[PDB]
Amino acid sequence: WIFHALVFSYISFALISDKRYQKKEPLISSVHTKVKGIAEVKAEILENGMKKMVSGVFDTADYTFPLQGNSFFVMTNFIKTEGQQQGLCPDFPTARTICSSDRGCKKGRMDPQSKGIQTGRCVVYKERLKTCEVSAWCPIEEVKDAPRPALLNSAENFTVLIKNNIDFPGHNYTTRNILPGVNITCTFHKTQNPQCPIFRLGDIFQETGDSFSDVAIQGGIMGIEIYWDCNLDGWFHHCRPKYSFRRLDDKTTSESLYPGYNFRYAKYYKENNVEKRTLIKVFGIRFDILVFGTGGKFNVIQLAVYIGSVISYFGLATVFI
Amino acid sequence: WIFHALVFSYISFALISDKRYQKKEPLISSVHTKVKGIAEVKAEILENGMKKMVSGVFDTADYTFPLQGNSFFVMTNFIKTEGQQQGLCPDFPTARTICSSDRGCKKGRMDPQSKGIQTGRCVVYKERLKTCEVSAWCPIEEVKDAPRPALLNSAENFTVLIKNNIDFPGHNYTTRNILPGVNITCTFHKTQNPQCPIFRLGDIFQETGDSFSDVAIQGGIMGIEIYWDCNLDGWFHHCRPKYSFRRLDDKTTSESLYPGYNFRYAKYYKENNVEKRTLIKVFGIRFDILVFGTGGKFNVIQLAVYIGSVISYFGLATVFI
Amino acid sequence: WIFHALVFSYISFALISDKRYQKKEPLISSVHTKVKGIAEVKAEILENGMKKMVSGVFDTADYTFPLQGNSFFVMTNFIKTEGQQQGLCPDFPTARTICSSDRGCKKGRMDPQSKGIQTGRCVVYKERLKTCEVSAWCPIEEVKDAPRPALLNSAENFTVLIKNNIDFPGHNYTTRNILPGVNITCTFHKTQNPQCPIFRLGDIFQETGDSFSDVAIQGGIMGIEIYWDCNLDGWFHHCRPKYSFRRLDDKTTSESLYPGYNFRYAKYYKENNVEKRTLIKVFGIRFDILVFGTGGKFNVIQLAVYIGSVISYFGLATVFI
Ligand SMILES: O=C(C[C@]12C[C@H]3C[C@H](C[C@H](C3)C1)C2)Nc1cccc2nc(NCCNCCO)ccc12
Ligand SMILES: O=C(C[C@]12C[C@H]3C[C@H](C[C@H](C3)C1)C2)Nc1cccc2nc(NCCNCCO)ccc12
Ligand SMILES: O=C(C[C@]12C[C@H]3C[C@H](C[C@H](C3)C1)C2)Nc1cccc2nc(NCCNCCO)ccc12
Ligand SMILES: *[C@@H]1O[C@H](CO)[C@@H](O[C@@H]2O[C@H](CO)[C@@H](O)[C@H](O)[C@H]2NC(C)=O)[C@H](O)[C@H]1NC(C)=O
Ligand SMILES: *[C@@H]1O[C@H](CO)[C@@H](O[C@@H]2O[C@H](CO)[C@@H](O)[C@H](O)[C@H]2NC(C)=O)[C@H](O)[C@H]1NC(C)=O
Ligand SMILES: *[C@@H]1O[C@H](CO)[C@@H](O[C@@H]2O[C@H](CO)[C@@H](O)[C@H](O)[C@H]2NC(C)=O)[C@H](O)[C@H]1NC(C)=O
Ligand SMILES: *[C@@H]1O[C@H](CO)[C@@H](O)[C@H](O)[C@H]1NC(C)=O
Ligand SMILES: *[C@@H]1O[C@H](CO)[C@@H](O)[C@H](O)[C@H]1NC(C)=O
Ligand SMILES: *[C@@H]1O[C@H](CO)[C@@H](O)[C@H](O)[C@H]1NC(C)=O
Ligand SMILES: *[C@@H]1O[C@H](CO)[C@@H](O)[C@H](O)[C@H]1NC(C)=O
Ligand SMILES: *[C@@H]1O[C@H](CO)[C@@H](O)[C@H](O)[C@H]1NC(C)=O
Ligand SMILES: *[C@@H]1O[C@H](CO)[C@@H](O)[C@H](O)[C@H]1NC(C)=O
């Protein structure tokens, strides 16, 4: 009957369109990115109630490190606390660190917010305000918001160049993201330059619809996705990437969940024969490059299995009517 | 017959239970962990036969660096050799470095255990013991065991917070390890808090049944596994992680296989207009976060293929009896 | 007929050979590599038209850092620019930086090749040659080729030891690259020692057919592949790795595509109460360890599905003749 040529046709259609005849191999990627662009910074930051002038120019080595583990990071803001040395000092005044008397402090106590071990003594921090005394690197860094203008706010104007090599082992097929002979001088655009590997970070943040400056103040984790729908047949060959952009960070905005991206970097030195340390809280956006792909190539055994599940249907449609 | 409704029922059962109707997509994860906790260290370490007092407090910046490549490391013990400068010095006495005369040493020789190039001269190291003379950073670090108490033995009391975002692209489904609104203040427990992302390192080492201190002396590689069995149907929806713990390091305990986790960190400075270097052998536990998942969502073509292989069986069971 | 026992036999053959009866699970790997070997460097490098003598010995800490993200790097060449401080200086003379008059320079201009922000002034750089004045770390590094002999040319003689642990979760099977009791003292050979994990970098570069020195001058990205075809049956059990070597870098050799592997490392210090910086351009080869595997174990449901697509064929071959 007609419903049978229609069943055959629906099966074969699902084969040809859903690519059931092809064998699919997982993709293998290695990433090499180079960042370009510099930022000039003139800003006034308050340290310990005293105005200080942070000025200067930041180049590649000043704000970034080469990617490792398919992810690179760019510092967009920072807080610097200098001159720390091992000693005893009162903790920074917080809801949990203020003491009325020595009875309020407990010797040897450790608190998740604090950075030192208490000595069980109540001492003044400033004027008549009293905090608990601790043993740590002194003085203790301020509990302060990241500067209201992100010191490296120019970070949206930076340029990231992404090189991606992909290899399918089952089919012995190697290709790279940048095809030979292309005009390298371009800026990636969703339509105008969908294969251009030159990305602007601000463009990236507009794609996902999040403001760059806001994330740049306190940090975040952004992700770049590279898709490969690759066909290794010849009768319909195609194998290029599709760039998409997703914001990965949670954006909880709760003190308990350590929001944004930041980490503590330590630089050690010696003055007057004393072990000393400058502590730098680093704020920035970490970019994670995720590359995924599927390689299809005509396989005879798969066609055999597919018509295998197809023929039983083909006659069952006869038993049905 | 009855065996036929039983064959139909066994096939359909394997479908409903082994989830044959669903399409399975691979999981995509990015990891962001924050470490919390500090350690106070008072210990006596022998350098060159002289007792020295290692004291002080170690905070986040002092023992760890932000994770990259889905793995973070925590230093648990260390050996420090200070004041090195380019020069000529006798190698540290070993089974392979002791020399009776200049004939025993070979100029320009390189040995896997040694850290310098020999000059072919036999010279005294201490008293009448003689070793081969080498060209390297001097003095050469001691061949010494890591301190019998791990200097940062408090490391089991530390807290690691793990944030995991997972995304299935074929189904356009994004979720994160921490569901919104949960009580963040908890410590992970195999039963009491199986979804709590706050982990204690000592608890981790008890799960895999290995003592934390022993690994902390000379280092090791520990691994955290995060499973996602995710169902994107609705008729039986569920998609949460299962935390499991495996000890990854080999634990060979053979000098040839460089057991444990350690690496050589170099800090450079200048004194009296001389290039100089302090070398620090770092011992610690590296934690590797491995995240895997499968996303199932009802697929009509798969049901078609499955009943496709099912019907042939269904009649063959008739031909059999 | 005979063509039918032949169809049955072809189907069952494809089953037994293409391993259709087995269930395949993806492999999970963590990598731990230790690098061994040192290099002695005596070379004459020209800085600012003045000959300078770079001598000294480089050990593990001097040229490498422990791997993170399944990739380790080894510096093979370097360029060092010392004494930089924040200030105003003329840019290094280039095709884009030479100025005839102040009209040629534009204040506040930024150029991808330059490392500073222009001040719109034309000033002399050397003799009567004039470049545009910029605001940056001064002096600006030379536009110079990497030293004609790679300073760390000895890098091909280095030894990398690779430890790989693989685990299949669906089958609960854990194994490691190094089986217990093997003779560790060996050098990997394609035939003589195909399971030896001790690799020589020069051997690696000969496998892929690229000269080590050439890549060592300006850097590159090399990749080590570890295959696991693992059978968890018993009736034909086998599960060991196959080491293969592929050169991953593009080798474009175009200034626009930033060829080779290099990055900018910054070291900060203070002299006469002035913020200062030494900038080091690092050239080296990054090795990316890619591990892939498939674990097969006899599965009854898969045999059921396979004969499911098989029987329909088995009778259709009867309808055909
Ligand atoms: O610490 C770094 C290097 C990196 C940055 C990220 C994070 C971490 C790994 C990697 C990526 C390298 C450290 N950069 C800096 C941080 C904070 C302040 C800095 N100030 C500078 N000079 C300005 C002086 N003004 C006087 C002028 O009159 C220069 C560099 C700075
Ligand atoms: O080197 C580091 C930083 C890290 C540690 C790991 C490994 C590596 C990358 C990243 C993670 C940062 C280096 N920390 C240290 C190592 C060894 C000794 C140290 N001693 C310290 N002061 C004690 C002085 N006592 C005098 C008191 O009277 C402070 C820090 C120390
Ligand atoms: O900077 C590093 C450390 C690493 C190297 C790579 C890249 C980066 C991360 C990690 C891997 C550590 C930095 N090493 C060096 C670089 C350049 C020059 C050096 N010169 C040295 N002394 C020679 C003096 N001659 C006077 C004798 O009369 C010693 C070390 C040097
Ligand atoms: C990134 O660069 C753009 C242009 O290069 C900056 O936009 C310019 O802003 C200045 C004032 O600061 C204006 O005089 C220009 O006319 C603007 N140009 C354009 C094309 O709009 C932008 O400010 C830079 N980003 C940051 C954070 O400074
Ligand atoms: C980790 O912390 C626990 C408790 O916070 C420590 O156990 C305590 O040990 C001290 C003596 O050192 C005792 O006075 C306490 O009563 C103990 N408390 C508990 C709850 O057992 C433990 O010693 C710490 N780990 C390390 C390595 O110091
Ligand atoms: C790597 O090591 C080999 C041997 O260890 C070096 O080859 C030697 O070169 C010297 C001269 O430089 C000769 O005297 C030896 O006879 C050579 N030995 C062999 C076995 O050929 C090689 O030069 C080293 N690589 C580099 C870059 O120096
Ligand atoms: C992959 O294909 C190329 C085609 O030129 C061939 O030269 C190469 O040997 C193949 N590799 C393998 C492992 O078969
Ligand atoms: C690349 O395209 C731009 C226009 O977008 C053009 O100005 C430039 O000359 C092109 N490059 C080459 C090498 O043709
Ligand atoms: C994914 O689903 C959400 C549901 O609200 C939708 O808004 C979004 O556009 C979808 N994404 C794609 C790529 O279809
Ligand atoms: C979380 O649970 C603890 C008890 O385990 C409780 O004391 C605490 O108040 C809870 N947090 C919130 C916000 O309810
Ligand atoms: C894996 O197999 C071993 C075999 O001895 C067994 O001890 C272990 O409990 C198994 N693990 C799981 C999760 O079943
Ligand atoms: C390993 O093999 C070498 C020969 O290639 C031999 O000299 C050495 O003794 C062997 N090691 C052991 C422990 O037998």
# chains A, B, ... in the order shown; residues from 1 in each chain; ligands from 1
>>> closest_atom_pairs(of="chain A", to="ligand 7", cutoff="12 Å", atoms="only C-alpha atoms and all ligand atoms", output="tab-separated table")
residue	atom	partner	partner_atom_place_in_ligand_line	distance
A:167	CA	ligand 7	1 (C)	10.9
A:168	CA	ligand 7	1 (C)	10.4
A:169	CA	ligand 7	13 (C)	8.2
A:170	CA	ligand 7	13 (C)	9.3
A:171	CA	ligand 7	1 (C)	8.0
A:172	CA	ligand 7	1 (C)	4.9
A:173	CA	ligand 7	1 (C)	6.9
A:174	CA	ligand 7	1 (C)	8.6
A:175	CA	ligand 7	1 (C)	12.0
>>> write_last_selection(atoms="N, CA and C atoms", output="PDB file, in the first residue's frame")
ATOM      1  N   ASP A 167      41.189  17.022  16.162  1.00  0.00           N
ATOM      2  CA  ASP A 167      41.670  15.801  15.534  1.00  0.00           C
ATOM      3  C   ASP A 167      40.741  14.651  15.890  1.00  0.00           C
ATOM      4  N   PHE A 168      40.257  13.951  14.865  1.00  0.00           N
ATOM      5  CA  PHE A 168      39.508  12.720  15.053  1.00  0.00           C
ATOM      6  C   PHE A 168      40.420  11.534  14.792  1.00  0.00           C
ATOM      7  N   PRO A 169      40.621  10.657  15.787  1.00  0.00           N
ATOM      8  CA  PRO A 169      41.582   9.555  15.636  1.00  0.00           C
ATOM      9  C   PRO A 169      41.017   8.370  14.869  1.00  0.00           C
ATOM     10  N   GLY A 170      39.733   8.065  15.074  1.00  0.00           N
ATOM     11  CA  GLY A 170      39.125   6.948  14.372  1.00  0.00           C
ATOM     12  C   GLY A 170      39.105   7.125  12.867  1.00  0.00           C
ATOM     13  N   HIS A 171      39.006   8.368  12.399  1.00  0.00           N
ATOM     14  CA  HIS A 171      38.990   8.666  10.974  1.00  0.00           C
ATOM     15  C   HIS A 171      40.305   9.245  10.474  1.00  0.00           C
ATOM     16  N   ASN A 172      41.260   9.495  11.370  1.00  0.00           N
ATOM     17  CA  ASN A 172      42.556  10.072  11.020  1.00  0.00           C
ATOM     18  C   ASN A 172      42.352  11.380  10.254  1.00  0.00           C
ATOM     19  N   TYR A 173      41.637  12.305  10.892  1.00  0.00           N
ATOM     20  CA  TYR A 173      41.343  13.590  10.266  1.00  0.00           C
ATOM     21  C   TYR A 173      41.755  14.712  11.204  1.00  0.00           C
ATOM     22  N   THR A 174      42.666  15.561  10.743  1.00  0.00           N
ATOM     23  CA  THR A 174      43.164  16.679  11.529  1.00  0.00           C
ATOM     24  C   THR A 174      42.829  17.982  10.823  1.00  0.00           C
ATOM     25  N   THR A 175      42.265  18.928  11.569  1.00  0.00           N
ATOM     26  CA  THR A 175      42.029  20.266  11.049  1.00  0.00           C
ATOM     27  C   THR A 175      42.199  21.268  12.180  1.00  0.00           C
TER      28      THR A 175
END
>>> residues_around(residues="residue 80 of chain C", least_positions_apart="2", cutoff="7 Å", atoms="only C-alpha atoms", output="count of residues only")
5
>>> closest_atom_pairs(of="chain B", to="chain C", cutoff="6 Å", atoms="only C-alpha atoms", output="tab-separated table")
residue	atom	partner	partner_atom	distance
B:69	CA	C:69	CA	3.7
B:136	CA	C:57	CA	5.7
B:264	CA	C:61	CA	5.1
B:265	CA	C:61	CA	5.5
B:266	CA	C:61	CA	5.5
B:309	CA	C:308	CA	3.9
B:312	CA	C:312	CA	5.8
B:313	CA	C:308	CA	5.9
>>> residues_near_ligand(ligand="ligand 5", cutoff="9 Å", atoms="only C-alpha atoms and all ligand atoms", output="VMD selection string")
(chain A and resid 110) or (chain B and resid 39 152 to 158 202 213)
>>> write_last_selection(atoms="N, CA, C and O atoms", output="PDB file, in the first residue's frame")
ATOM      1  N   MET A 110      39.794  30.200  65.788  1.00  0.00           N
ATOM      2  CA  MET A 110      39.909  30.394  64.349  1.00  0.00           C
ATOM      3  C   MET A 110      38.522  30.649  63.781  1.00  0.00           C
ATOM      4  O   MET A 110      37.576  29.921  64.099  1.00  0.00           O
TER       5      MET A 110
ATOM      6  N   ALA B  39      46.769  27.741  58.876  1.00  0.00           N
ATOM      7  CA  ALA B  39      47.519  26.796  59.694  1.00  0.00           C
ATOM      8  C   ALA B  39      48.680  27.494  60.385  1.00  0.00           C
ATOM      9  O   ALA B  39      49.421  28.251  59.756  1.00  0.00           O
ATOM     10  N   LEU B 152      52.737  21.616  57.639  1.00  0.00           N
ATOM     11  CA  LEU B 152      51.340  22.031  57.534  1.00  0.00           C
ATOM     12  C   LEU B 152      50.423  20.827  57.741  1.00  0.00           C
ATOM     13  O   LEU B 152      49.589  20.491  56.906  1.00  0.00           O
ATOM     14  N   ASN B 153      50.616  20.154  58.880  1.00  0.00           N
ATOM     15  CA  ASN B 153      49.797  18.991  59.199  1.00  0.00           C
ATOM     16  C   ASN B 153      48.343  19.355  59.453  1.00  0.00           C
ATOM     17  O   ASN B 153      47.488  18.461  59.454  1.00  0.00           O
ATOM     18  N   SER B 154      48.041  20.640  59.646  1.00  0.00           N
ATOM     19  CA  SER B 154      46.692  21.056  60.007  1.00  0.00           C
ATOM     20  C   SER B 154      45.802  20.988  58.778  1.00  0.00           C
ATOM     21  O   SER B 154      44.611  21.321  58.827  1.00  0.00           O
ATOM     22  N   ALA B 155      46.392  20.550  57.665  1.00  0.00           N
ATOM     23  CA  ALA B 155      45.731  20.655  56.375  1.00  0.00           C
ATOM     24  C   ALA B 155      44.449  19.836  56.312  1.00  0.00           C
ATOM     25  O   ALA B 155      43.572  20.144  55.500  1.00  0.00           O
ATOM     26  N   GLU B 156      44.299  18.821  57.166  1.00  0.00           N
ATOM     27  CA  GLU B 156      43.067  18.039  57.141  1.00  0.00           C
ATOM     28  C   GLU B 156      41.871  18.842  57.637  1.00  0.00           C
ATOM     29  O   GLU B 156      40.730  18.500  57.311  1.00  0.00           O
ATOM     30  N   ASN B 157      42.105  19.891  58.423  1.00  0.00           N
ATOM     31  CA  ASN B 157      41.042  20.739  58.950  1.00  0.00           C
ATOM     32  C   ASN B 157      40.592  21.823  57.980  1.00  0.00           C
ATOM     33  O   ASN B 157      39.702  22.612  58.324  1.00  0.00           O
ATOM     34  N   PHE B 158      41.164  21.873  56.784  1.00  0.00           N
ATOM     35  CA  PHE B 158      40.833  22.915  55.826  1.00  0.00           C
ATOM     36  C   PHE B 158      39.498  22.626  55.149  1.00  0.00           C
ATOM     37  O   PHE B 158      38.983  21.504  55.168  1.00  0.00           O
ATOM     38  N   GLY B 202      40.281  16.186  55.569  1.00  0.00           N
ATOM     39  CA  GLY B 202      40.438  14.984  56.374  1.00  0.00           C
ATOM     40  C   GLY B 202      39.306  13.994  56.174  1.00  0.00           C
ATOM     41  O   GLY B 202      39.537  12.784  56.076  1.00  0.00           O
ATOM     42  N   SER B 213      47.833  12.519  57.274  1.00  0.00           N
ATOM     43  CA  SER B 213      49.170  12.956  57.666  1.00  0.00           C
ATOM     44  C   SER B 213      50.239  12.281  56.820  1.00  0.00           C
ATOM     45  O   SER B 213      51.178  12.934  56.343  1.00  0.00           O
TER      46      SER B 213
END
>>> closest_residue(among="B:223, B:317, B:294, B:245", to="ligand 11", atoms="only C-alpha atoms and all ligand atoms")
B:245
>>> decode(residues="segment 131-153 of chain B", atoms="N, CA, C and O atoms", output="short mmCIF file (atom, residue, chain, number, x, y, z; two decimals), in the first residue's frame")
data_model
loop_
_atom_site.label_atom_id
_atom_site.label_comp_id
_atom_site.auth_asym_id
_atom_site.auth_seq_id
_atom_site.Cartn_x
_atom_site.Cartn_y
_atom_site.Cartn_z
N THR B 131 83.43 14.08 47.74
CA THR B 131 82.48 13.94 46.66
C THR B 131 83.02 14.60 45.40
O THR B 131 84.04 15.31 45.42
N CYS B 132 82.33 14.35 44.30
CA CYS B 132 82.72 14.88 43.00
C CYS B 132 82.29 16.34 42.90
O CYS B 132 81.21 16.72 43.36
N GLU B 133 83.14 17.15 42.28
CA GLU B 133 82.89 18.58 42.16
C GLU B 133 82.01 18.86 40.94
O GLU B 133 82.21 18.28 39.87
N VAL B 134 81.03 19.75 41.12
CA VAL B 134 80.06 20.04 40.07
C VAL B 134 79.91 21.55 39.89
O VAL B 134 80.29 22.35 40.74
N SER B 135 79.33 21.91 38.75
CA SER B 135 79.02 23.29 38.38
C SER B 135 77.51 23.46 38.41
O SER B 135 76.81 22.89 37.57
N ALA B 136 77.02 24.25 39.36
CA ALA B 136 75.57 24.42 39.50
C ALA B 136 75.27 25.56 40.48
O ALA B 136 76.15 26.35 40.83
N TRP B 137 74.00 25.64 40.88
CA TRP B 137 73.59 26.51 41.98
C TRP B 137 74.11 25.93 43.29
O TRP B 137 73.81 24.78 43.63
N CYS B 138 74.89 26.72 44.02
CA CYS B 138 75.51 26.25 45.25
C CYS B 138 75.02 27.05 46.45
O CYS B 138 74.73 28.24 46.32
N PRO B 139 74.92 26.39 47.62
CA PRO B 139 75.20 24.96 47.83
C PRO B 139 74.07 24.06 47.34
O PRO B 139 72.95 24.53 47.16
N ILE B 140 74.37 22.79 47.13
CA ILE B 140 73.36 21.84 46.67
C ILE B 140 72.44 21.47 47.82
O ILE B 140 72.90 21.28 48.96
N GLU B 141 71.15 21.36 47.53
CA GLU B 141 70.16 21.04 48.55
C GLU B 141 70.47 19.69 49.18
O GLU B 141 71.07 18.80 48.56
N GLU B 142 70.05 19.54 50.44
CA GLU B 142 70.26 18.28 51.14
C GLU B 142 69.37 17.19 50.56
O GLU B 142 68.24 17.44 50.15
N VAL B 143 69.90 15.96 50.53
CA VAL B 143 69.06 14.78 50.36
C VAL B 143 68.53 14.43 51.75
O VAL B 143 69.20 13.76 52.54
N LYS B 144 67.31 14.89 52.04
CA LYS B 144 66.72 14.78 53.37
C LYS B 144 65.26 14.37 53.20
O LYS B 144 64.61 14.75 52.23
N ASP B 145 64.76 13.59 54.15
CA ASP B 145 63.34 13.29 54.19
C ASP B 145 62.54 14.54 54.53
O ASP B 145 63.03 15.44 55.21
N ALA B 146 61.30 14.58 54.06
CA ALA B 146 60.40 15.63 54.49
C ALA B 146 60.25 15.57 56.01
O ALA B 146 60.31 14.48 56.60
N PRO B 147 60.10 16.72 56.67
CA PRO B 147 60.01 16.73 58.14
C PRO B 147 59.05 15.68 58.68
O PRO B 147 57.94 15.51 58.17
N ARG B 148 59.50 14.96 59.72
CA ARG B 148 58.71 13.86 60.27
C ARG B 148 57.30 14.28 60.66
O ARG B 148 56.35 13.54 60.35
N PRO B 149 57.07 15.42 61.32
CA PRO B 149 55.72 15.98 61.31
C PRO B 149 55.56 16.92 60.12
O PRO B 149 56.37 17.84 59.94
N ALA B 150 54.55 16.68 59.29
CA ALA B 150 54.28 17.58 58.18
C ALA B 150 54.07 18.99 58.72
O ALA B 150 53.19 19.21 59.55
N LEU B 151 54.92 19.92 58.27
CA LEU B 151 54.86 21.29 58.79
C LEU B 151 53.44 21.85 58.73
O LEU B 151 52.97 22.46 59.70
N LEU B 152 52.74 21.62 57.64
CA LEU B 152 51.34 22.03 57.53
C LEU B 152 50.42 20.83 57.74
O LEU B 152 49.59 20.49 56.91
N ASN B 153 50.62 20.15 58.88
CA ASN B 153 49.80 18.99 59.20
C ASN B 153 48.34 19.35 59.45
O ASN B 153 47.49 18.46 59.45
#
